[PDB]
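Note that these values count all heavy atoms, side chains included, but never hydrogens, waters or copies made by symmetry. Chain letters run A, B, ... following the sequence lines, proteins first, then strands; residues in each count from 1. Read the numbers this way: they start at 1 and go in the same order the structure lists the ligands and their atoms.
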Number of protein chains: 2
Amino acid sequence: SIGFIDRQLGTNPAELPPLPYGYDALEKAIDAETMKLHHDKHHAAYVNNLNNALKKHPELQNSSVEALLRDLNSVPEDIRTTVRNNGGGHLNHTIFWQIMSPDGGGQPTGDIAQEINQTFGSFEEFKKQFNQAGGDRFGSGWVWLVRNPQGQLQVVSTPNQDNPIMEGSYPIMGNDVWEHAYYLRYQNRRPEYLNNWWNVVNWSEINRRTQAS
Amino acid sequence: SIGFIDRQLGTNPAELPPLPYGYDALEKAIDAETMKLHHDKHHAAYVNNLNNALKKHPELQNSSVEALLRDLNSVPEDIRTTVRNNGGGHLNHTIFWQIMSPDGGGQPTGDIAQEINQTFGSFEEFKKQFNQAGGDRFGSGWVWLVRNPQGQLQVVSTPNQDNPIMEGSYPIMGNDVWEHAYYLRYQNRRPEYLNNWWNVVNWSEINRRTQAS
Ligand SMILES: [Mn+2]
Ligand SMILES: [Mn+2]
């Protein structure tokens with residue numbers, strides 16, 4: 001399971017997960033209007049489109065989003081791209097809402113704190129590389145901290161709604177660099193958004209994901 | 001020459017072209033705030049980033065943006081991607097500003113109108129296929145009406161800031177589907193932007209481009 005730590009993202013039918021907190025709970029980084037649009041409009045659309053594609057292939061409604069993305073070649077040609085894009089959008093955003101919190105921010109704790117220190121040198125260096133990868137992702141995409149197939153932490157960015165699980169990597173945490181995630185408040189200033197995002201990061205949840213990976 | 005009909009896009013240095021009209025002139029489709037950000041911030045950035053990359057290889061300052069994008073293999077590897085993205089961004093937006101007008105809109109007129117009817121059947125059908133292609137372009141990109149190598153009109157979409165001249169096609173006209181082009185006024189409603197955009201299309205300029213094509 002990738003979306004949730006305890007269960008896989010179902011497709012019979014695919015469901016839009018409600019926000020665990022209020023729309024205005026992340027104001028020190030993200031405006032309430034964007035939270036509403038991003039969740040109620042963007043995330044909802046990915047779920048709806050995925051369900052529409054699955055209707056024409058009921059034999060696939062038994063499998064989870066994870067299973068479909070892990071083996072896109074087995075998905076029928078007529079809906080493969082639709083499943084890739086919308087399935088990815090569903091999974092990516094489902095992870096996104098969970099790794100942020102009203103009482104987020106601060107420096108990491110526990111397991112991931114020491115793992116980050118060993119791999120990247122320090123939390124501040126990790127932060128710099130993460131933001132750098134974020135800024136370098138030209139066009140639409142995401143920046144992730146993953147546990148690669150070899151079991152090592154690695155910063156990687158992906159295009160559009162592609163997810164690292166397609167390569168066998170476990171996405172521990174990630175930030176959305178599609179313009180819709182920051183344009184209302186930041187406009188063209190992506191680096192400012194990337195900087196402020198750290199103030200709402202939910203380290204408790206990120207630690208649970210690190211253990212599961 | 002692709003950016004302008006009578007001249008190539010220079011790189012000694014690259015220059016941000018002035019807007020042919022006022023910032024609030026296209027208000028029946030695009031808000032003034034977006035015209036400012038899009039032209040003054042986004043397009044300006046592609047120009048600046050391009051200039052920075054070319055300073056590292058002064059030789060390239062003797063050629064044009066079109067010449068560079070037509071043969072990326074000859075562009076030194078250390079700045080190839082940078083030139084592709086920013087050179088493309090500069091070329092694409094330069095064309096964009098010119099094909100819109102305060103006095104635009106209406107159905108196609110003249111040569112282009114005849115060729116559209118002959119190729120697509122009617123303007124209504126062309127418009128549907130154009131908007132469709134624009135909606136189908138997942139992530140960031142552009143929708144184009146090009147004259148392909150065989151000399152025929154064709155609707156194609158490209159990712160990010162890629163330009164059709166990279167594939168031997170002449171970009172007659174095109175619409176920007178990056179979210180920054182419509183988020184402030186339409187938010188997630190991309191198809192609404194695609195539909196209203198037709199009210200500001202400069203058919204006169206498009207005819208000159210079809211002819212040069
Ligand atoms: Mn998003
Ligand atoms: Mn643009």
Side-chain angles (χ1 to χ4, degrees), chain A residues 16-17 19 26 30 34-47 49 85-100 134 137-144 157-163 171 174-184 186-188 190 193-194 197, chain B residues 16-17 19 26 30 34-47 49 85-86 88-97 99-100 134 137-144 157-163 171 174-188 190 193 197:
Chain A
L16 173 65
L19 278 184
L26 313 177
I30 315 176
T34 292
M35 285 305 296
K36 284 182 181 175
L37 288 162
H38 205 177
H39 179 270
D40 301 348
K41 302 300 174 181
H42 292 269
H43 193 172
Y46 291 135
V47 170
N49 295 344
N85 294 340
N86 297 288
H90 185 16
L91 176 66
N92 295 342
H93 292 84
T94 293
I95 295 175
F96 195 53
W97 313 130
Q98 296 173 85
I99 60 170
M100 296 189 288
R137 166 50 57 181
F138 196 75
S140 297
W142 286 77
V143 180
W144 313 92
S157 76
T158 51
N160 308 138
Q161 295 299 349
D162 283 0
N163 184 275
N175 196 3
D176 192 350
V177 305
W178 275 60
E179 288 174 318
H180 65 238
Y182 62 83
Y183 217 77
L184 293 188
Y186 303 94
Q187 292 86 57
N188 64 294
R190 185 192 291 187
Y193 166 65
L194 292 166
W197 185 67
Chain B
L16 172 67
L19 215 55
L26 311 174
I30 305 163
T34 290
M35 286 308 300
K36 297 182 184 182
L37 289 169
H38 204 186
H39 176 276
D40 300 347
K41 300 296 182 177
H42 290 281
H43 191 174
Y46 297 132
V47 169
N49 293 347
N85 293 347
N86 295 283
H90 182 26
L91 179 67
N92 298 343
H93 289 84
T94 288
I95 299 174
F96 193 49
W97 309 132
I99 62 159
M100 293 192 284
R137 170 45 65 173
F138 198 70
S140 304
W142 285 78
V143 198
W144 304 97
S157 77
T158 58
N160 311 134
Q161 296 302 345
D162 280 7
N163 187 96
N175 200 359
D176 189 352
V177 297
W178 276 60
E179 291 175 314
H180 66 237
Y182 60 88
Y183 220 73
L184 298 188
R185 178 166 173 173
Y186 306 88
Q187 293 82 61
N188 64 293
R190 188 192 283 186
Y193 167 65
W197 185 73

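- The Mn ion (ligand 2) has an N, O or S atom of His180(B) inside 2.8 Å of it.
- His42(B) and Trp178(B) share no side-chain donor-acceptor pair at under 3.5 Å.
- Using cut-offs of 30° and 60° for the angle between ring planes, the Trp142(A) and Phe96(A) rings count as perpendicular.
- Checking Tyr46(B) against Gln161(B) by side-chain atom types alone, a donor-acceptor pair falls below 3.5 Å.
- Of the angles at the Mn ion (ligand 1), the one spanning NE2 of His93(A) and NE2 of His38(A) is 90° when given to 10°.
- In terms of distance to the Mn ion (ligand 1), the nearest N, O or S atom of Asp176(A) is named OD2.
- Checked by atom type and distance alone, the side chain of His93(B) pairs as donor or acceptor with a backbone atom of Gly89(B) at under 3.5 Å.
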